[PDB]
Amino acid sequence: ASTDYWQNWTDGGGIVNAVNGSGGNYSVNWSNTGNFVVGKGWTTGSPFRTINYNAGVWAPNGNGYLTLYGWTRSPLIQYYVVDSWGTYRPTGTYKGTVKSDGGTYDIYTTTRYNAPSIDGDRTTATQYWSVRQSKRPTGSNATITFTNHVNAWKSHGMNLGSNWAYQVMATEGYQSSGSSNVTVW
């Protein structure tokens, strides 16, 4: 059930060369950036979606995340499933672990002031994280069975909102350079 959403946001710092490729493909080549989020996915996320991707390039030089990225409203909550990163492994308040798709993820919560909002304005964001304990190998087809994460979060008292905004497989960077090329389906 194909992607229908193109995410491309930058704070304006540095160079963020994002290409919206055919189908579910995109690429980013970025240099000395502020914060940016680029990805492909769906306009209306679902807690039951299996996200398929293949990162044919994952080459951050500094802080970049290769991550599921989405939001709910009512209440407003941002969520991440981070499969790989660059020089920084994102963490927060430790909640527990979840096993999914061949990997083990630590579960964290954070609250970020002046965080990017759904539309690239700002907000105080309540964030739920699953962060893989080691960087996922890239270049082969990969699955994120998102219901495993949703169910794990719920069991640890982390409930999502009733209204679903977009749900993308993203490259997020901060204060970094790099290259990524990802196809999502």
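In case it trips you up, residue 1 is the first one in the sequence shown, and so on.
Practice item. Between 46-54 and 112-120, point out the one with the higher average CA B-factor as the PDB entry records it. Key: Looking at the record's C-alpha B-factors, the answer is 112-120.
Check your understanding: Averaging C-alpha B-factors over each stretch, which comes out higher, 156-164 or 25-33?
Key -> Looking at the recorded C-alpha B-factors, 156-164 comes out higher on average.
Check your understanding: Among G70, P137, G62, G39, which carries the highest Cα B-factor?
Key -> Comparing C-alpha B-factors across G70, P137, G62, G39, the maximum falls on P137.
Point to revise | Third of the chain, ranked by Cα B-factor, where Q7 sits | key: Its C-alpha B-factor belongs to the middle third of this chain's values.
Check your understanding: In terms of the CA temperature factor given in the entry, to which third of its chain does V131 belong: lowest, middle or highest?
Key -> Its C-alpha B-factor, which the entry lists for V131, ranks in the lowest third among residues of this chain.
Review point. Among the modelled residues of its chain, does the C-alpha B-factor of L66 lie in the lowest, middle or highest third?
Key: Tercile = lowest for this residue's CA B-factor.
Review point. Based on the entry's values, in what third of the chain does the Cα temperature factor of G86 lie: lowest, middle or highest?
Key: Lowest third of the chain for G86's C-alpha B-factor.
Exercise for review: Going by the recorded CA B-factors, say which third of the chain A1 sits in, lowest, middle or highest.
Suggested key: CA B-factor rank for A1: highest third.
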